[PDB]
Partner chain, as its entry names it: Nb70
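Only one chain is shown below, in structure tokens, and it's the form solved without the partner chain.
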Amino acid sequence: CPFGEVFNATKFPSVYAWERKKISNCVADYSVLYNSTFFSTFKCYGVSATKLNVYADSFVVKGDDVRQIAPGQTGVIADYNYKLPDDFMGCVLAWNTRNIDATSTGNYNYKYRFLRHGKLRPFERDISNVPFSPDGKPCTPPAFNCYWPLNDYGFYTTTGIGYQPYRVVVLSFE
């Protein structure tokens, strides 16, 4: 029922600081979104129908980055911002948001993490912004080996689909 608040929602979060919405009680049909060539991805993982019965994560990534919101999957996004378990699952949906989330001049709100000691455990999250030394030392940019771990996407409207902004919704099942 409250899916209007997630998709169709104005403001979207960066991948590193992704949102979880809890939905129990409320029952919906799923046919709300079942029928739309607005969605570019929509790969499901272990299901597809309606038995009438739930977690919904959302965030924005680059076009090529969508690959990585599937069980297994390479890294950076899956290593460092958002990991899906190999086990459990529901579905993963994406749509192109060039018009919204990108500008002629270039849009830079949307961020991601590319430096981290360790990999995320599925559904884990890291909102730390601590200058990164590949040894655990303290820091002071750009002290030869000190970098900030967060990178700006920088979505312009005239980039390859690979580099255009995409919104994502992951529906975990419980």
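Residue numbers count along the first chain shown, from 1.
> How big is the unmodelled gap, if any, between residue 53 and residue 54 relative to the deposited sequence? Choose none, 1 to 3, 4 to 9, or 10 or more.
Missing residues, residue 53 to residue 54: 4 to 9.
> Given the B-factors recorded for C-alpha atoms, which segment has the greater mean, 117 to 125 or 138 to 146?
Going by the record's values, the stretch with the higher mean is 138 to 146.
> Could you check the entry and say whether 23 to 31 or 104 to 112 has the higher mean CA B-factor?
Mean CA B-factor is higher for 23 to 31.
> Out of 70, 60, 130, 47, whose C-alpha atom has the biggest B factor in the entry?
Comparing C-alpha B-factors across 70, 60, 130, 47, the top value belongs to 47.
> Ranking every modelled residue in this chain by its Cα temperature factor as given in the entry, which third contains residue 89?
Highest third - that is where residue 89 ends up once the chain's C-alpha B-factors are sorted.
> Where does residue 171 sit by CA temperature factor within its chain: lowest, middle or highest third?
Middle third.
Quick note: we don't show the form deposited with the partner chain bound, though the next part is all about it.
> Do residue 138 and the partner chain come within 4.5 Å of each other in the deposited bound form, heavy atoms counted?
Taking the distances in the deposited bound form, the answer for residue 138 is no, it never comes within 4.5 Å of the partner chain.
> Mark residue 118 yes when one of its heavy atoms lies within 4.5 Å of a heavy atom of the partner chain in the deposited bound form, and no otherwise.
It does not: once the partner chain is placed as it appears in the deposited bound form, residue 118 has no heavy atom within 4.5 Å of it.
> Looking at the partner-bound form in the deposited bound form, is residue 49 within 4.5 Å of the partner chain by any heavy atom?
Heavy-atom contact with the partner chain at 4.5 Å: present for residue 49.
> Using heavy atoms and a 4.5 Å limit, would one call residue 59 a contact residue for the partner chain in the deposited bound form?
Flag for residue 59 set to no.
> Using a 4.5 Å cut-off on heavy atoms, which residues of 60 to 83 contact the partner chain in the deposited bound form?
67, 70, 71, 72, 73, 74 sit within 4.5 Å of the partner.
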